[PDB]
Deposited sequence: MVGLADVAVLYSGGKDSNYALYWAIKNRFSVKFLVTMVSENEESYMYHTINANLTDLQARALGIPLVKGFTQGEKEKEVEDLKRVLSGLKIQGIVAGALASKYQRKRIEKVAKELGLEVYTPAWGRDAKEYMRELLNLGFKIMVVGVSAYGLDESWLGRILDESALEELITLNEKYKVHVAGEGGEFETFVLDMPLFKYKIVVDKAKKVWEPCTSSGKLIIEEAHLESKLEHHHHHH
């Protein structure tokens, strides 16, 4: 029952879900990423979680796509007992997870919910988070490619207590990409990104792994 697969899309919560699972003695046999044609090229920006999976040394399973049926199809081919998803999964995402899980007879392990507290915990845990998506007023394109720290957290809280932008970007406020965390054996360094409704998006063009102190 310790054998599980983590739904990994690359952002702060997928990574927190991974850290949580490992710390709670779970046996993460696989990371699972679903790729939809809804978003074809050679750029690394297509295999970002693939870059993180190498930093982690953990096997990565990639599915392709009614995404519920495709997900269940992928997960059904794995020798696992449960599915690990972050406690910040979309209100809709949780429904799909619950549905496929039940139908497959799998457990839905999830971290047992204050935005501020959560965000602070990630920083204290050594999470290196970069903003790669933005879709909320009060967040100019300047936020793209920017890393979050005790400083950026303030600006988020200050922005929240004004434009009411979620502190944990819960709801599409902004997308993230984790460049480093305690479990990474290698750090991810962005060499070239270049930025593109107040909808922003950072397309990573050049990136590489760098060994950590260890």
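Engineer: Walk along the deposited sequence from position 1 and note every stretch that has no C-alpha coordinates.
Structural biologist: The deposited sequence has unmodelled segments at 1-3, 43-45, 72-76, 124-125, 210-213, 232-237.
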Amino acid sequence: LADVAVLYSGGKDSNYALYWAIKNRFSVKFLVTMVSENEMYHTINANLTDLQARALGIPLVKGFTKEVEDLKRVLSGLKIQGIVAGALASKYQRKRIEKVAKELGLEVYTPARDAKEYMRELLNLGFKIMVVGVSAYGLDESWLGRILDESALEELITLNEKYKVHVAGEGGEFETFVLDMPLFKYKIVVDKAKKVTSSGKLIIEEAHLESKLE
From here on, numbers count along this sequence of modelled residues.
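Engineer: Higher mean Cα B-factor in the deposited model: 200-208 or 19-27?
Structural biologist: According to the entry, 200-208 carries the higher average C-alpha B-factor.
Engineer: Out of 160-168 and 50-58, which one has CA B-factors that are higher on average in the deposited record?
Structural biologist: It is 160-168.
Engineer: Just grab whichever of 40, 189, 147, 32 has the top CA B-factor as deposited.
Structural biologist: Each of 40, 189, 147, 32 was compared by C-alpha B-factor; the highest is 40.
Engineer: In this PDB entry, which of 128, 96, 73, 116 has the top CA B-factor?
Structural biologist: Among 128, 96, 73, 116, the PDB entry lists the largest C-alpha B-factor for 96.
Engineer: Residue 179's Cα B-factor: lowest, middle or highest third of the chain?
Structural biologist: It falls in the bottom third of the chain.
Engineer: Using the B-factors in the PDB entry, rank residue 83's C-alpha atom against the chain and give the third, lowest, middle or highest.
Structural biologist: Middle third by C-alpha B-factor.
Engineer: Is residue 77 in the lowest, middle or highest third of its chain when residues are ranked by C-alpha B-factor?
Structural biologist: It falls in the bottom third of the chain.
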